[PDB]
Amino acid sequence: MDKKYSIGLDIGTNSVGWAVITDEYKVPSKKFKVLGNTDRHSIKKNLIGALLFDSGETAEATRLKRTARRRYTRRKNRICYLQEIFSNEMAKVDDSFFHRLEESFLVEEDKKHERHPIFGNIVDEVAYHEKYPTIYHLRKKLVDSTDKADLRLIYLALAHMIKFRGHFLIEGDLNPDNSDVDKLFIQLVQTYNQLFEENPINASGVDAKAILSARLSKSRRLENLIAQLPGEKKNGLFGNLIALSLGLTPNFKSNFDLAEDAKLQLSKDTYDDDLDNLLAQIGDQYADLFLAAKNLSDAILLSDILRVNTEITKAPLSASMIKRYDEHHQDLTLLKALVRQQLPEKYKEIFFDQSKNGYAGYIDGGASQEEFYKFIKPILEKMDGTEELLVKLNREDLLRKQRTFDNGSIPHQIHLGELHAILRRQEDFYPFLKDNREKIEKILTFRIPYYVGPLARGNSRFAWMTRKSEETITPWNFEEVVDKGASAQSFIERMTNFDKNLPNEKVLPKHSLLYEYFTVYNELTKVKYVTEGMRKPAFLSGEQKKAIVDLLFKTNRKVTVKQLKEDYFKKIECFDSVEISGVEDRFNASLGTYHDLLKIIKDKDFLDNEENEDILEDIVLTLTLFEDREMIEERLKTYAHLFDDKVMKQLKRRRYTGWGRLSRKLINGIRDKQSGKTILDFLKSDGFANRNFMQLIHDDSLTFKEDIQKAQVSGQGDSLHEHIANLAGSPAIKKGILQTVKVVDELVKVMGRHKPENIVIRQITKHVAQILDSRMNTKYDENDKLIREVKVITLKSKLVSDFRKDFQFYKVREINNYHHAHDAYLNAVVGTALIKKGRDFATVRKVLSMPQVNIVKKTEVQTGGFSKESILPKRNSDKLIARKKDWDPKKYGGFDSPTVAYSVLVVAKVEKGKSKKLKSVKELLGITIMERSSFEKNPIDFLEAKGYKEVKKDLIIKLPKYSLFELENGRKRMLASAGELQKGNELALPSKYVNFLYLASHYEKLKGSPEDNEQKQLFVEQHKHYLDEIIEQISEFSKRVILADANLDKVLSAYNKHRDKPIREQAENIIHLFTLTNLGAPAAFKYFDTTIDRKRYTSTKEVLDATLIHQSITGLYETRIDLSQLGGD
DNA sequence: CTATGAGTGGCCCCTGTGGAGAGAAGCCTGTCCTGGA
DNA sequence: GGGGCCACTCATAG
RNA sequence: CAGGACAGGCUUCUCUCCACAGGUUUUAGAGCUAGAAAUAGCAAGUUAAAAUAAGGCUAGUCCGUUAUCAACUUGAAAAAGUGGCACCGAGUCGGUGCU
């Protein structure tokens, strides 16, 4: 008799519950054969348990690190390009300068050349350090002077500029002379008054520079400026111009009464284009007004930058840096004077102690600028003469460094201008610089487009670029080697969907006109109308649909029921009264793309042309695919023969985003084999059948369904891993699902390969059920109908939670891990009971108090970073990992705290003592993650290298993390690492104590009827003696397996101390005790007033000769190996 | 007399921002359709 | 949250 | 009862590519004076170079932290295969009967 049995499953983020029950809600138990070298040949176990595992993580970190690696590599490549350019002339003056540059990081003992890099002689080095305290001094001096300087200084300046070229946000050119806010505001007002003499603006008395440079929001600046302008509004034309000058996006529809919105934003690249067409609409006389607005905006954002006001040079940033340096020097002198004058004792603290947050700590230590201000602020409060210094502190301007985090707002055009000025001044003495000025400018301004991607030769699983040729990609010949249009199309396509019914065809663009026609006819197909004299609703004819679309859909961007009734039935068909069903208020789809094309091209018959279908659809596809404008113009240049410049540029501007859910070949590509119509043709005219898309794809009359069946290529059965990975969700739930399916497979294998009756458990859960059904039921009957021998049940946790709360079967997650198993068991029981109580309740209570539950910790091989990322200074300790091959850690410091890959057991002989005496040993040597490949290649050589000799190969036992060892008195420990252990034993409590603890913990939070609440409170009051029993049992369990003498003593003392506390507080504090006894690593926990630190087992010597256990994924099959007999002499 | 292991307790760990796209999922208003029961 | 490392102290064997 | 397309909104999340600002580490930026030295006073401090997971070959202006993995037999791996049942009890499972 194949016993009828049910399987219950609970899938969480960390756990997978499993349980097997009979037809009688009873859990069978079986005796299992045990392999190994031990004597315990067979053990009886229950068929219930749960699996715990570490939660999975997303791929975000890997992608971030890859991006960082590419950034670093490309920056170094640019530096190498500059060195290559300077290579010819550098050797003619200083051959070893480049060697000195890179070899700088080595100590003086290691350097092949002289220690001073810049000159190689200390005198010139000191002279350089004196004449130019900061690199900004050199930059400004080269910008302003006309003298011929040494090649090395120019090289240094150019390298500094390139390596920190700054951000690329704003396109176009920036005028550095555009910095005066007031003068440009006056010019804008003057131009407005000249062009609007009937409405002049009196800008006198308005401080434009203060308002526009204020650290307020753009709307606040606009409001403040307008409030000072009588008669003007932010909604007015001048208000919109100011908003644009602030960097907002005003709408110019109202001031020119245009039929179309004219929205301008200076950050958008459309400013030139939209300005051009706006002038084409309102007249070209308004060019200088927008020019003045642009100049004012430029002055604004360059005024927020560049604190310097009136100093005249081509390098304002260098002037700002020098000004800050001078202020820092003067303030430092004054501060030293004052501190020495009044508080000499703290002078040492301020200027000598590195560890404190004073000036010495701010400079030579790790104290940040905010920390330094925080430390110095109370001290300055105690002294006098620091009023302006206090103001500067409030301004984040006191003693400011040059390299600060606010530098993130520097446009690259400033560095470009400085480069251009330096090259202009010095190219007369340096012909090769003048010749390669173009190359230097390109290198400074070059940027890889976002749509191109990595420049690989196919050997990267991330690269998609298509090459025109096979030259080495250089910044000067990038455009001549890469098909930018094809690359962009590939970038778009690989992220697009595939059609469900036709997986071999791309889906159409969302705003494709053919798609819009399809949708409109699809909705019109199911529109019914009832007029006077009509007994039943009738479907609209094809000519009726065509007339309706031409009259309303092509003319109105939205058509409503009332509009249709007034415009077509009442006017065209002369039906005065009509009742329309299937559309309530308005029609859903619309011909927006048709309206846009009729607005741009301004030709209706050209759009109405059926033969231009290919050209029109190709134009729509081109507008959807590409976002860069040059590529769009490149593609549109084929169709320019039919359009003027205005139409082409307006077409150049229309972008469309989104995609449809269906393919063109499905709708209008496949023709009916009988009639020749496509789906669109049938929607246009289907006779009295009037079949919609759903009806057409399911009708057996046409061959479209036959093509659907044929086009279903027999996709090779997706592997369970791949099938789950293809689902929608985070990888963690995917891992949980995979482990659950493996658990189900093992449970099936256990029961003698007899299939179960019922499997008890959002679209992801639906996919899980689908996977289970597919793997379990594969039998097809004589009619090719799947014989569902197994029932799949979907139930929500709310039902089982109610089941628990109704029958006092409380769940306390803080006691142990059995709650997952009990929840799975109750899930299965409730599902079977509902779909299919004195006996049942007794059986359930018997099941709950059962002591043996299979709890298994999943064994894993840890991977990830080689070590921590913080780099530590050199120290005399062997635990420091070198950052590179030829860098002694005691000379340079480096990494620390590597992570163990996995542990291995080694039994061999090791020399010990100064006499070099061979000693037979038995210890654990853990492999670091960085060593994993080397060890896997040849363990023998690796073990020989670490002082282990006479290798005993057959004793190598793979010991991953959480490998379980068994010791005396049932005490269990898990191998946390190569040198640390965790708790391995679980505490079991009688169910009555769990119920009492739950009732006490929610004593004041009772959610039930008043009589039930009072009864529960009385029950809590009656059984106070349980607390002593609970404490005694905890002490006994800790004594037997935990060995926590001092911590237990402190716990006992605290319990005796707080024995007078209220019952709720006592229970709440006692609940915190299980952190000492819970599975996993010990953790510190708080008990009333005293905090108890974590007791950490750092000794792996006791388990060297214990019994090792290997366990199946469900823990039913197991093999036991004793370490004592292993490695015997 | 000093090197060597074995525990107690304490302290540490890379951060911030922008631009570009595609998809998915969940909720809501609603209309229509396919399949079986 | 959780494993590594280090200062400190102590017991032990050469 | 399940499934689907559309019209619109809202919200969140995932995945991929291109850039910036730092941080950390070592070296360079003659420390002076009195004192044998311990030490005491004095001066000064803002910056620069290189590296940022060891490295690898398929040598790319590429890849290197996602995912998967109890034990034994076969297989290079993928992958395939390998373990008796019924009854009475329960402090981590125990006992009885058949085979």
# chains A, B, ... in the order shown; residues from 1 in each chain; ligands from 1
>>> interface_residues(of="chain A", to="chain B", cutoff="8 Å", atoms="only C-alpha atoms (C1' of nucleotides)", output="mmCIF file with C-alpha atoms, in the first residue's frame")
data_model
loop_
_atom_site.group_PDB
_atom_site.id
_atom_site.type_symbol
_atom_site.label_atom_id
_atom_site.label_comp_id
_atom_site.auth_asym_id
_atom_site.auth_seq_id
_atom_site.Cartn_x
_atom_site.Cartn_y
_atom_site.Cartn_z
ATOM 1 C CA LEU A 169 27.242 68.156 -17.655
ATOM 2 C CA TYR A 450 26.722 56.185 -23.133
ATOM 3 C CA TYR A 451 25.073 54.162 -25.902
ATOM 4 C CA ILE A 492 18.277 49.582 -27.800
ATOM 5 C CA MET A 495 17.017 45.305 -23.920
ATOM 6 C CA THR A 496 13.713 45.062 -25.806
ATOM 7 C CA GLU A 523 -11.831 48.856 -29.661
ATOM 8 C CA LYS A 526 -16.618 45.742 -29.936
ATOM 9 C CA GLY A 582 -18.901 49.159 -24.660
ATOM 10 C CA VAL A 583 -17.711 52.760 -24.283
ATOM 11 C CA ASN A 692 -11.545 40.803 -32.293
ATOM 12 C CA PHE A 693 -7.880 39.952 -31.743
ATOM 13 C CA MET A 694 -8.707 37.400 -29.045
ATOM 14 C CA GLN A 695 -11.342 35.806 -31.277
ATOM 15 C CA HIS A 698 -8.557 31.346 -31.113
ATOM 16 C CA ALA A 728 10.580 38.288 -11.892
ATOM 17 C CA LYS A 868 38.934 44.439 3.835
ATOM 18 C CA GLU A 869 39.464 47.627 1.850
ATOM 19 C CA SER A 870 40.943 50.018 4.433
#
>>> closest_atom_pairs(of="chain D", to="chain A", cutoff="10 Å", atoms="only C-alpha atoms (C1' of nucleotides)", output="tab-separated table")
residue	atom	partner	partner_atom	distance
D:4	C1'	A:694	CA	8.0
D:5	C1'	A:661	CA	8.4
D:6	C1'	A:519	CA	7.1
D:7	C1'	A:588	CA	4.1
D:8	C1'	A:588	CA	8.5
D:13	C1'	A:729	CA	9.0
D:14	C1'	A:730	CA	7.5
D:15	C1'	A:59	CA	9.0
D:16	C1'	A:462	CA	8.3
D:17	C1'	A:453	CA	5.5
D:18	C1'	A:450	CA	4.2
D:19	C1'	A:167	CA	6.6
D:20	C1'	A:167	CA	4.8
D:21	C1'	A:408	CA	4.6
D:22	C1'	A:405	CA	6.0
D:23	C1'	A:870	CA	9.7
D:24	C1'	A:871	CA	6.1
D:25	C1'	A:871	CA	6.2
D:26	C1'	A:105	CA	5.5
D:27	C1'	A:105	CA	5.2
D:28	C1'	A:116	CA	6.3
D:29	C1'	A:129	CA	6.2
D:30	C1'	A:122	CA	8.1
D:45	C1'	A:363	CA	7.5
D:46	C1'	A:401	CA	5.4
D:47	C1'	A:134	CA	5.2
D:48	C1'	A:135	CA	7.9
D:49	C1'	A:101	CA	5.8
D:50	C1'	A:102	CA	5.6
D:51	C1'	A:883	CA	8.6
D:52	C1'	A:72	CA	8.9
D:53	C1'	A:866	CA	6.5
D:54	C1'	A:884	CA	6.8
D:55	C1'	A:884	CA	9.6
D:58	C1'	A:459	CA	7.0
D:60	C1'	A:456	CA	5.3
D:61	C1'	A:74	CA	6.1
D:62	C1'	A:456	CA	6.1
D:63	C1'	A:460	CA	7.2
D:64	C1'	A:66	CA	9.5
D:65	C1'	A:864	CA	3.9
D:66	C1'	A:59	CA	4.7
D:67	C1'	A:731	CA	8.3
D:68	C1'	A:721	CA	8.3
D:69	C1'	A:860	CA	7.1
D:70	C1'	A:1112	CA	4.8
D:71	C1'	A:1110	CA	6.0
D:72	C1'	A:35	CA	9.3
D:83	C1'	A:33	CA	6.2
D:84	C1'	A:31	CA	9.3
D:85	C1'	A:30	CA	9.3
D:90	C1'	A:850	CA	7.7
D:91	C1'	A:851	CA	6.8
D:92	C1'	A:852	CA	5.1
D:93	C1'	A:44	CA	6.6
D:94	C1'	A:44	CA	8.7
>>> closest_atom_pairs(of="chain A", to="chain C", cutoff="10 Å", atoms="only C-alpha atoms (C1' of nucleotides)", output="JSON lines")
{"residue": "A:879", "atom": "CA", "partner": "C:5", "partner_atom": "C1'", "distance": 8.6}
{"residue": "A:896", "atom": "CA", "partner": "C:4", "partner_atom": "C1'", "distance": 8.3}
{"residue": "A:897", "atom": "CA", "partner": "C:4", "partner_atom": "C1'", "distance": 5.5}
{"residue": "A:898", "atom": "CA", "partner": "C:4", "partner_atom": "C1'", "distance": 8.3}
{"residue": "A:899", "atom": "CA", "partner": "C:3", "partner_atom": "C1'", "distance": 8.8}
{"residue": "A:913", "atom": "CA", "partner": "C:14", "partner_atom": "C1'", "distance": 9.5}
{"residue": "A:976", "atom": "CA", "partner": "C:3", "partner_atom": "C1'", "distance": 9.2}
{"residue": "A:977", "atom": "CA", "partner": "C:3", "partner_atom": "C1'", "distance": 8.7}
{"residue": "A:980", "atom": "CA", "partner": "C:3", "partner_atom": "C1'", "distance": 8.7}
{"residue": "A:1081", "atom": "CA", "partner": "C:2", "partner_atom": "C1'", "distance": 8.0}
{"residue": "A:1082", "atom": "CA", "partner": "C:2", "partner_atom": "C1'", "distance": 9.5}
{"residue": "A:1083", "atom": "CA", "partner": "C:2", "partner_atom": "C1'", "distance": 8.8}
>>> select_by_dssp(residues="region 141-359 of chain A", states="alpha helix (DSSP H)", output="number ranges by chain")
A: 141-144, 151-163, 181-195, 208-212, 218-227, 237-245, 253-256, 270-282, 287-304, 316-342, 347-351, 359
>>> atom_distance(atom1="CA of residue 1123 (chain A)", atom2="CA of residue 1103 (chain A)")
8.5 Å
>>> residues_around(residues="residue 548 (chain A)", least_positions_apart="6", cutoff="10 Å", atoms="only C-alpha atoms (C1' of nucleotides)", output="PyMOL selection string")
chain A and resi 524+540+542+554+564+567-569+572
>>> select_by_dssp(residues="region 1071-1118 of chain A", states="strand (DSSP E or B)", output="list in words")
residues 1080, 1085, 1086, 1087, 1090, 1091, 1092, 1097, 1107, 1108, 1109, 1110, 1111 and 1118 of chain A
>>> write_last_selection(atoms="N, CA, C and O atoms", output="PDB file, in the first residue's frame")
ATOM      1  N   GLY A1080      23.493  29.752  15.892  1.00  0.00           N
ATOM      2  CA  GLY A1080      24.335  30.714  15.210  1.00  0.00           C
ATOM      3  C   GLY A1080      25.441  31.271  16.080  1.00  0.00           C
ATOM      4  O   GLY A1080      25.820  30.656  17.081  1.00  0.00           O
ATOM      5  N   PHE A1085      23.389  40.738  24.489  1.00  0.00           N
ATOM      6  CA  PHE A1085      21.986  41.013  24.756  1.00  0.00           C
ATOM      7  C   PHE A1085      21.872  41.808  26.047  1.00  0.00           C
ATOM      8  O   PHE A1085      22.749  41.754  26.913  1.00  0.00           O
ATOM      9  N   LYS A1086      20.771  42.542  26.167  1.00  0.00           N
ATOM     10  CA  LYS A1086      20.536  43.428  27.297  1.00  0.00           C
ATOM     11  C   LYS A1086      19.452  42.847  28.193  1.00  0.00           C
ATOM     12  O   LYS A1086      18.388  42.449  27.711  1.00  0.00           O
ATOM     13  N   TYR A1087      19.727  42.800  29.493  1.00  0.00           N
ATOM     14  CA  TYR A1087      18.800  42.272  30.489  1.00  0.00           C
ATOM     15  C   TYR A1087      18.632  43.326  31.574  1.00  0.00           C
ATOM     16  O   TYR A1087      19.547  43.543  32.377  1.00  0.00           O
ATOM     17  N   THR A1090      21.763  45.640  33.057  1.00  0.00           N
ATOM     18  CA  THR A1090      23.088  45.130  32.741  1.00  0.00           C
ATOM     19  C   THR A1090      23.125  44.600  31.315  1.00  0.00           C
ATOM     20  O   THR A1090      22.230  43.861  30.894  1.00  0.00           O
ATOM     21  N   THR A1091      24.163  44.984  30.579  1.00  0.00           N
ATOM     22  CA  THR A1091      24.405  44.467  29.239  1.00  0.00           C
ATOM     23  C   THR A1091      25.461  43.374  29.324  1.00  0.00           C
ATOM     24  O   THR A1091      26.509  43.565  29.950  1.00  0.00           O
ATOM     25  N   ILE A1092      25.191  42.235  28.695  1.00  0.00           N
ATOM     26  CA  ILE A1092      26.066  41.072  28.764  1.00  0.00           C
ATOM     27  C   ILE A1092      26.772  40.939  27.424  1.00  0.00           C
ATOM     28  O   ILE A1092      26.126  40.849  26.374  1.00  0.00           O
ATOM     29  N   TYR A1097      33.797  31.577  21.398  1.00  0.00           N
ATOM     30  CA  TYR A1097      34.590  30.347  21.389  1.00  0.00           C
ATOM     31  C   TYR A1097      35.684  30.489  20.334  1.00  0.00           C
ATOM     32  O   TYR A1097      35.452  30.355  19.133  1.00  0.00           O
ATOM     33  N   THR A1107      33.613  13.666  16.359  1.00  0.00           N
ATOM     34  CA  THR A1107      32.922  12.970  15.279  1.00  0.00           C
ATOM     35  C   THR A1107      32.407  13.995  14.273  1.00  0.00           C
ATOM     36  O   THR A1107      31.672  14.919  14.637  1.00  0.00           O
ATOM     37  N   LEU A1108      32.792  13.828  13.009  1.00  0.00           N
ATOM     38  CA  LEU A1108      32.315  14.707  11.950  1.00  0.00           C
ATOM     39  C   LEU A1108      31.050  14.138  11.323  1.00  0.00           C
ATOM     40  O   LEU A1108      30.912  12.920  11.177  1.00  0.00           O
ATOM     41  N   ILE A1109      30.127  15.018  10.946  1.00  0.00           N
ATOM     42  CA  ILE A1109      28.837  14.622  10.396  1.00  0.00           C
ATOM     43  C   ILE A1109      28.665  15.288   9.038  1.00  0.00           C
ATOM     44  O   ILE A1109      28.870  16.500   8.895  1.00  0.00           O
ATOM     45  N   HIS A1110      28.296  14.493   8.037  1.00  0.00           N
ATOM     46  CA  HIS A1110      27.795  15.007   6.770  1.00  0.00           C
ATOM     47  C   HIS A1110      26.296  14.738   6.718  1.00  0.00           C
ATOM     48  O   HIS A1110      25.845  13.668   7.136  1.00  0.00           O
ATOM     49  N   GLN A1111      25.527  15.700   6.219  1.00  0.00           N
ATOM     50  CA  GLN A1111      24.075  15.617   6.248  1.00  0.00           C
ATOM     51  C   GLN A1111      23.479  15.984   4.899  1.00  0.00           C
ATOM     52  O   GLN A1111      23.906  16.952   4.265  1.00  0.00           O
ATOM     53  N   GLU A1118      22.666  10.643   6.533  1.00  0.00           N
ATOM     54  CA  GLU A1118      23.854  11.224   7.134  1.00  0.00           C
ATOM     55  C   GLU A1118      24.959  10.184   7.213  1.00  0.00           C
ATOM     56  O   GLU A1118      24.700   8.986   7.343  1.00  0.00           O
TER      57      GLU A1118
END
